[PDB]
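Protein chains in written order, with UniProt numbering: chain A, 83 to 270, 290 to 340; chain B, 83 to 270, 290 to 340; chain C, 83 to 270, 290 to 340; chain D, 83 to 270, 290 to 340; chain E, 83 to 270, 290 to 340; chain F, 83 to 270, 290 to 340; chain G, 83 to 270, 290 to 340; chain H, 83 to 270, 290 to 340.
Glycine is no exception: its CB is placed at the ideal position from the N, C-alpha and C atoms.
Protein chains: 8
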Amino acid sequence: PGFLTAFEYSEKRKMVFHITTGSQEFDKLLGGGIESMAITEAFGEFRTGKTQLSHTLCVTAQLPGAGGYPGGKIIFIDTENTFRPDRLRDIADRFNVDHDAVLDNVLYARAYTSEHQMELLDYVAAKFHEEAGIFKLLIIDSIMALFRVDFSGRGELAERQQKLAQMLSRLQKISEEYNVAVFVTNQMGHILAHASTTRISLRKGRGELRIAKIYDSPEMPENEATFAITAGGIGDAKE
Amino acid sequence: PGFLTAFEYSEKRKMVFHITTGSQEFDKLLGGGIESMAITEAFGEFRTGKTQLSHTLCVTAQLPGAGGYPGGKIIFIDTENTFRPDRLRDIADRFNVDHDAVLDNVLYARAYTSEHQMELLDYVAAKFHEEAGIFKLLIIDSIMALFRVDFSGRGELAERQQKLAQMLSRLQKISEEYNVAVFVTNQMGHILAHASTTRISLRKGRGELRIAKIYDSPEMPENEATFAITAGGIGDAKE
Amino acid sequence: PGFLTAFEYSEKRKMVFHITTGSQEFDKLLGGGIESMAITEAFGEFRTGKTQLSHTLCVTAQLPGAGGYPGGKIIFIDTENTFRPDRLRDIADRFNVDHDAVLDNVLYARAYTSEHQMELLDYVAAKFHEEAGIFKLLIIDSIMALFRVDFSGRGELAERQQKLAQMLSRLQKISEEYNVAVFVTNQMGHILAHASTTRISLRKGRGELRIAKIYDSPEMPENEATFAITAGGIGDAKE
Amino acid sequence: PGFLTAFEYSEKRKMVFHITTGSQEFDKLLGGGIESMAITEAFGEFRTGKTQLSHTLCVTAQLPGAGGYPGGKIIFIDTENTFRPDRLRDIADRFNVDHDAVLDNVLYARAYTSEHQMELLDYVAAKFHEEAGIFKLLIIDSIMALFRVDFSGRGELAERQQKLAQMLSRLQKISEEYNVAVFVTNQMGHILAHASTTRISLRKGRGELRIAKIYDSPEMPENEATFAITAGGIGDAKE
Amino acid sequence: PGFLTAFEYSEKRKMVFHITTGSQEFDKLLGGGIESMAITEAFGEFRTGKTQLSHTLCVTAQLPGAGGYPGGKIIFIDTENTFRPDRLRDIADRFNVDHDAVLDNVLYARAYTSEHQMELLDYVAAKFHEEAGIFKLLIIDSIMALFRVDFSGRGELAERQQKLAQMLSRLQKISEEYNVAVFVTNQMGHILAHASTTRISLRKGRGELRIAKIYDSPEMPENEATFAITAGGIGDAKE
Amino acid sequence: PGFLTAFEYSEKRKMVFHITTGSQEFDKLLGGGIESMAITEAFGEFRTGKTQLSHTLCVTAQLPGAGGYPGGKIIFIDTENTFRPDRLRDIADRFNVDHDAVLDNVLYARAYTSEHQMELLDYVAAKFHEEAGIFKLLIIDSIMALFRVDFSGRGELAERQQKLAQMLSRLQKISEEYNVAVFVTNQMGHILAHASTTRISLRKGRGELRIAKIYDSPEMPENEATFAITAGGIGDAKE
Amino acid sequence: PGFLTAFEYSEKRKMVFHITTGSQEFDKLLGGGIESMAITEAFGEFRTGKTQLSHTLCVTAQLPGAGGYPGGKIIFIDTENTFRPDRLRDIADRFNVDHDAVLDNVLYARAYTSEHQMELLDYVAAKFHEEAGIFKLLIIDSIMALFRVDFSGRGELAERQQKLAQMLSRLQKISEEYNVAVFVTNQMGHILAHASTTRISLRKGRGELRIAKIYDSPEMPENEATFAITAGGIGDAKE
Amino acid sequence: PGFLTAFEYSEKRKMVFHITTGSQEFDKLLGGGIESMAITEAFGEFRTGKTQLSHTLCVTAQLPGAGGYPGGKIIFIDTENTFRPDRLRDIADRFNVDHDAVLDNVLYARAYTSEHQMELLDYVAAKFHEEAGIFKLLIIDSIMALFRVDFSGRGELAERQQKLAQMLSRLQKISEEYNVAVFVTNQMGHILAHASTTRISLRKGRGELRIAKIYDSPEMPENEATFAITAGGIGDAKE
């Protein structure tokens with residue numbers, strides 16, 4: 083049938099793995115961190131760490147971890163142009179790992195147009211459908227931002243909202259079907294809400310520390326998560 | 083004739099069966115719980131149990147019960163992505179039933195687009211028309227939510243309201259004609294009102310307990326229903 | 083000629099028969115109750131008896147009565163889905179009549195779409211044109227309600243008001259031409294006014310009793326009608 | 083020529099005859115009552131006698147009267163559905179005339195649609211063009227009312243005002259050309294003003310009596326007309 | 083050439099003749115009365131004599147008068163339907179003239195539609211082009227009034243203002259080219294202003310007398326004209 | 083080349099001649115009066131002399147005058163219909179000239195439509211291109227007025243402003259190219294401004310005298326011109 | 083390549099020559115006066131000298147001057163119609179030069195339509211492309227003014243702004259490519294701003310003197326320029 | 083694949099070179115100055131140095147400097163028309179370099195239309211794709227300004243915003259792919294924001310000095326940069 087049983091489905095959910103934020107109190111809000119078969123969004127301020135974090139996971143998703151997560155290659159479509167391999171080699175250190183590796187470990191792609199972006203997504207698939215079990219994360223930062231662009235004024239939102247979900251769906255179908263963890267940064290019943298299953302909001306608690314909270318995610322705790330940031334990516338906020 | 087007699091019709095209504103909410107005072111508002119040949123809606127808050135309940139019935143509709151209700155397979159189209167087989171095996175327990183069963187007992191399907199959703203509904207039929215008397219519940223949560231999406235702004239509601247009922251009708255025609263009990267969660290003379298014969302409103306009475314009320318349903322009692330929630334699904338609220 | 087004489091017409095009006103409301107003071111407002119060759123509308127509140135009454139007449143129109151009214155079969159198109167054969171067998175009693183009869187005595191049909199509804203009306207005809215003198219009532223509750231649905235927002239009322247009367251005319255042409263009594267419930290120079298020759302408004306006078314009044318009908322009395330309701334349908338309100 | 087001389091025209095006006103209202107002080111406002119080669123309108127309240135009067139003339143136009151008016155057959159297109167042959171036989175009495183006659187004396191036709199209505203008018207002609215001098219009155223009550231219906235909202239008045247006069251002209255061309263007296267009831290430089298040469302306004306002076314006045318008619322008197330109503334139609338209001 | 087010289091033109095203006103209003107102080111405002119090769123308009127109140135006057139000239143234009151005006155046949159297109167040959171025979175008297183004559187002396191035509199009206203005007207021509215020097219007046223009352231009708235709401239004035247002048251021009255081209263005197267009644290840089298060369302405004306000075314003034318006409322005097330009205334048409338207002 | 087030199091152009095400007103207003107202090111504002119190779123406009127009140135003046139020049143442009151102006155034939159397109167040969171013969175007198183002459187001296191043409199008007203202008207050319215040096219003035223009064231007519235409401239000004247200049251250009255191209263003096267009366290960066298090189302405003306200084314001023318014209322003096330009017334056209338205002 | 087080097091470009095800029103305003107303090111604001119390979123605009127009041135100045139340069143651009151400017155022929159497209167060869171011969175004097183020369187020295191062309199204007203510009207080219215180094219100035223006064231005309235109301239600015247720059251570009255391409263100095267008068290990020298490289302604003306300092314300032318031009322000084330005007334064009338303002 | 087690895091990408095970023103502003107405290111804000119594989123924008127006031135700076139870099143990008151930047155040819159598309167080779171030879175001095183060189187060192191192109199501009203950009207490519215490593219800077223000042231032009235009013239921004247990014251993308255694809263440093267001046290989630298990776302805002306600190314700040318750029322410091330300007334381009338602001 084065009085669908086499977088509950089059992090046969092939970093057969094799959096046993097392959098749900100979390101990718102560490104690199105911040106224990108942050109991973110706790112996500113009860114593990116980034117999840118698979120689920121698009122996760124990054125809510126923030128003008129100056130947010132989402133861009134920083136993206137790299138962090140560019141690696142964590144290589145370091146084996148909890149739940150017997152092996153670690154795997156990655157795809158980093160960069161709409162904005164803030165990707166910095168240099169930041170990577172700066173992190174692999176805090177995790178004591180070969181430089182050329184982490185880098186040989188991340189797939190990079192610049193998103194220019196809002197058609198290019200999906201020109202890409204429909205390709206990310208092929209590479210996932212080619213071989214499987216290798217790619218554990220699909221990080222696109224930021225997805226939206228590039229769409230507010232090619233729009234035809236506040237009169238053609240209709241070609242945008244239509245196009246936006248025409249893909250955000252194709253993004254969902256990837257996540258759960260190919261089993262990976264898709265991360266996404268941006269600054270916006291909004292189509293990119295039901296779309297993303299977990300939404301993290303970010304605020305700054307005075308330079309060093311950052312407060313991560315949830316806007317809407319299954320079993321969402323009322324408490325916040327205090328985390329810090331440094332060269333070595335994201336980590337715990339000590340005394 | 084393109085229609086049957088009153089007698090010949092009441093011949094059918096004798097096959098109307100209720101599926102337990104798992105909460106006596108809740109089943110009383112529905113005078114049995116979920117009904118057949120009738121779409122039932124779930125009104126709620128940002129954080130409602132409708133999503134939880136859906137699973138509850140994912141099972142109750144397997145446990146034989148009142149009115150000589152046998153129990154049967156099910157179809158759970160999930161628009162939102164909050165279906166959790168794990169929650170099931172956690173309930174079958176409170177009802178002392180084989181795990182692999184309950185699961186082998188539920189048909190799962192993810193709704194991605196608002197066309198996909200009906201691509202599905204027109205199929206749910208085929209499986210119902212293939213063999214009969216097996217499927218006792220059609221649970222779609224949430225039906226609407228996925229439609230507020232593919233819409234073309236607040237200018238093309240016209241393609242939406244048109245499309246929405248183009249199906250909500252096809253949903254009705256299933257319920258009564260194939261005799262099953264269709265449950266539906268959402269958060270909205291509104292097309293999805295005459296559409297659904299029974300509308301349940303949900304409010305939270307301080308974490309543990311929840312107050313279920315009726316917005317509009319035949320022989321609707323003025324009183325509310327106090328029920329609780331736990332791992333084992335929905336149940337009665339004790340002292 | 084495409085029309086007949088006054089005499090030849092009054093030849094027909096001698097076949098005008100009233101169908102009892104089951105409430106003497108109610109039948110008096112209608113000077114007999116429901117009339118033939120005339121669409122009668124039911125104005126009411128959120129919780130009105132119109133739905134209850136519909137069944138009442140589902141029978142009364144079988145019990146011979148005043149003006150030498152024989153009694154006959156019936157057609158109950160149900161847009162809403164509140165038809166209850168069970169309620170019937172509960173009434174035939176107060177009128178001491180065979181159960182299987184009353185039921186074998188009513189033609190049932192669910193209205194799903196606003197096209198289906200008329201798909202039906204144009205058929206109700208055929209059955210009336212096939213044989214005559216058998217069907218004494220055409221009860222559609224509610225006619226409107228199902229139309230507020232398939233509409234294309236408050237911008238396409240134009241396809242609705244046009245479609246609505248495209249039928250409400252076909253409803254009139256039935257009533258007078260085939261000589262029957264068409265009853266209709268709903269909650270709205291309004292097209293469904295000139296359309297219906299007799300309009301009854303309903304208000305509730307504290308649970309037990311109900312006050313029926315006229316909004317606009319030939320020889321409309323200024324006085325109201327106090328009637329009650331019970332399992333056995335509609336009846337007089339005693340001390 | 084496509085027109086005749088003044089003399090040759092006054093040749094025709096000598097065939098102008100009035101049809102009694104049955105109320106002397108009313109006939110005086112019209113200086114005879116209803117006129118020929120002239121559409122007369124009936125302005126009124128929710129509960130007006132125009133509907134009653136229509137029948138009255140259904141007969142008066144059979145009783146020979148002033149100006150050597152013979153009397154003749156009639157055509158009563160009924161848009162509303164309030165025509166009552168019974169009311170006729172109740173009037174012929176006050177005028178001591180055969181029942182079957184008065185009735186055999188009136189041509190009846192129900193107007194359903196706003197196209198039907200004219201489907202009729204263009205036929206009323208044929209019967210007038212067939213033989214002449216027999217039909218002395220063309221009573222359509224109400225003309226407008228049925229048009230406010232098939233309209234396409236307050237946006238397509240343009241198809242209505244256009245259609246309305248497309249006929250109200252065809253109504254005029256009948257009146258003067260075939261020489262008859264067309265009466266019309268309704269409740270509205291308005292197209293149906295220049296259209297109707299004589300406009301009578303109606304108000305109620307406490308149940309029994311009614312006050313008829315003129316809104317706009319050649320040689321319109323400033324005074325009103327006090328008339329009464331009973332089973333025998335319209336008559337004078339005594340002490 | 084497509085035009086003539088000033089001399090050759092004044093050759094024509096020597097054929098300019100005035101048609102008496104029947105009121106000396108009125109004829110003085112027009113310095114003779116109605117003029118030829120010039121459309122004259124009649125401005126008035128709800129109850130104006132313009133309709134009365136029209137007949138007056140229906141005759142005066144037969145009585146030889148000043149400037150050696152012979153007198154001639156006439157064309158009275160009647161949009162409104164207030165033409166009364168009877169009123170004529172009532173006037174020919176005050177001018178001591180054969181009845182059958184005056185009447186045999188006026189050409190009558192009812193204007194029904196706004197297309198009919200011009201269907202006529204383009205014909206009035208033919209009769210004027212056929213033979214000449216016979217028809218001295220073209221009286222159309224009222225020209226406008228019939229146009230406010232067939233209009234398509236206040237949205238299609240564009241088909242009206244366009245159509246209106248499409249003719250009012252054809253009316254001008256008649257007046258000066260065929261040399262006659264066109265009179266026109268109505269109640270409105291307005292297209293029907295430059296159109297009409299002489300505009301007379303009418304007010305009522307207490308039943309018997311009427312005050313005629315000018316709104317805009319070559320060599321327009323500041324003074325008014327006091328005139329009366331009776332069976333014999335329009336005349337002077339004595340002590 | 084598609085243009086000539088400055089010298090070769092001043093070769094032409096030596097043929098620039100003024101046509102007397104008949105009022106010295108008026109001719110001074112125009113430093114000669116009407117000019118050639120230049121459209122002159124007449125701004126005024128409801129009751130202005132522009133219409134009177136038009137005739138005045140109908141002659142002055144025949145009387146040889148200053149700058150060795152010979153005098154010549156003329157073309158008087160009359161949109162309004164106020165041209166009066168009689169007024170001419172009344173002026174030629176004050177200038178002691180043959181009557182039949184002045185008249186044989188003016189070309190007359192009535193403007194009916196706004197298409198006719200230009201139907202004419204494109205012809206005035208032909209007569210100017212046929213022979214030259216004969217026609218010294220092109221007087222059109224009023225140009226605009228006839229255009230406010232055929233317009234399609236305040237929505238189609240676009241067909242009007244477009245059409246208006248489509249000609250007012252063709253009017254300019256005549257003036258300078260054929261060397262004549264075009265006079266124009268009317269009552270309005291307005292298209293008919295850059296269009297007309299000299300704009301004269303007119304006000305009334307108590308019946309007898311009139312005050313002519315300039316709205317916008319090369320070397321426009323701040324002072325006004327006091328002139329009078331009589332049968333003999335326009336002249337100086339004495340003590 | 084479709085472009086040249088910086089060197090090869092400065093090769094051209096050595097041919098940049100200024101054309102004297104005839105006012106030293108004015109030439110200083112322009113550091114020489116009018117420039118080449120650059121459109122210069124004239125901002126002013128209702129009564130501005132821009133029209134006067136145009137002639138001034140009609141000559142200055144013939145008088146050799148600073149920077150070894152030889153002097154050359156000129157093209158004066160006149161939209162407005164205020165060009166006066168007479169004013170020229172009045173200036174050549176203050177510069178002691180042959181009259182017939184200065185005039186034989188200026189190319190004249192009247193701009194009638196906004197299509198004609200460019201019909202011209204695309205021709206001014208041909209004459210510049212034919213032979214070179216002869217024409218040193220392209221003076222169009224005023225460019226805009228004629229465009230506010232043929233526009234289709236304030237609704238079709240879109241055909242105007244589009245058309246306006248469709249040319250103002252073709253004007254730029256002339257200036258720099260053929261090396262000349264284009265002067266332009268008018269009265270308005291406005292398309293005719295980036296368009297013109299130097300914008301001069303003009304105010305009047307009491308009849309005799311005028312104050313020239315800059316609105317926006319490379320190296321624009323904060324100071325103003327006091328200049329006078331006389332028959333001999335523009336000159337310095339003495340004590 | 084349609085994209086490269088992180089390593090293989092950082093392989094490229096090692097070719098990222100900065101081009102000196104000529105102002106140390108300015109280069110510090112950009113941590114080197116202009117960057118490569120990155121469009122840099124210049125925010126300013128009516129009178130900003132962006133135009134001046136453009137030349138400065140027209141050279142600096144020839145002087146070898148930090149990070150082992152060799153120096154190379156350049157492309158200066160000039161929309162505005164303020165490019166001054168003379169200013170160059172005035173700068174090469176402060177950097178002691180051959181004049182003919184610096185100039186032979188810059189590629190010049192005037193942007194006329196908003197289609198021309200891109201007609202160019204798609205060519206700048208060809209010259210970059212022809213040979214590589216020679217052109218180190220692509221300076222377009224100003225990009226926007228020329229677009230506010232050909233727009234079709236505030237109604238067709240839709241053709242503009244669409245067209246604008248249709249290129250600003252093609253500009254990005256050049257920068258990073260061909261490795262150069264694109265500088266851009268102008269005065270405006291705005292499409293030309295995500296578009297440009299580094300945005301510099303400019304304010305004037307009293308004639309001599311200028312304060313450069315950042316509006317939005319990766320690792321944007323809160324501090325400002327005080328720099329000066331002179332004939333020799335941009336430089337440091339001393340005591």
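Exercise. Going by beta carbon distance, what residues of the same chain come within less than 7 angstroms of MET249 of chain B, once the five residues before and after it are set aside?
Worked result: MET200, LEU203
Problem set entry | Limits of the unbroken alpha helix (DSSP H) element including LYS132 of chain D | 132-142
Problem set entry | Cross-strand partners of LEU310 of chain D (DSSP beta bridge) | D:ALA329
Problem set entry | Separation of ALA124 of chain G from residue 75 of chain G, as counted between CA atoms | This structure does not reach residue 75 of chain G, given that chain G is present from 83 up to 340, and the question cannot be answered.
Exercise. Between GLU325 of chain C and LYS314 of chain C, which are expected to be in contact by the criterion C-beta below 8 angstroms, what is the C-beta distance as a whole number of angstroms?
Worked result: 5 angstroms
For this session: Let me know the secondary structure DSSP gives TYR151 of chain E once reduced to three states.
Result: Strand.
Exercise. At what residues does the alpha helix (DSSP H) containing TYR91 of chain F begin and finish?
Worked result: 88-95
Exercise. Quick one: complete beta strand (DSSP E) runs, 3+ long, within the stretch 154-234 of chain D?
Worked result: 155-160, 188-192, 217-223
Exercise. List, in order along the chain, the chain F residues whose C-beta lies closer than 7 angstroms to that of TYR91 of chain E?
Worked result: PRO167, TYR190
For this session: For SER234 of chain D, return the contacting residues in chain C, with the cut-off set at a CB-CB distance below 8 angstroms.
Result: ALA240, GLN243, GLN244
Exercise. Where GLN134 of chain A and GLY334 of chain A are concerned, what is the direct C-alpha to C-alpha distance, given to the nearest angstrom?
Worked result: 7 angstroms
For this session: For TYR194 of chain G, decide whether its Cβ has a neighbour in chain F, counting only Cβ atoms nearer than 7 angstroms.
Result: It does: the Cβ of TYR194 of chain G has a partner Cβ on chain F nearer than 7 angstroms.
For this session: Check whether the Cβ atoms of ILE222 of chain C and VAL266 of chain C sit closer than 7 angstroms, and answer yes or no.
Result: yes
Exercise. Can you tell me the Cα-Cα spacing of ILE292 of chain D and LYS209 of chain C, whole angstroms?
Worked result: 44 angstroms
Exercise. Listed from N- to C-terminal order along the chain, which residues in the stretch 109-124 of chain F have their beta-carbon within a distance smaller than 9 angstroms of any beta-carbon of chain G?
Worked result: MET119, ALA120
Exercise. Does DSSP put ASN324 of chain B in a helix, a strand or coil?
Worked result: coil
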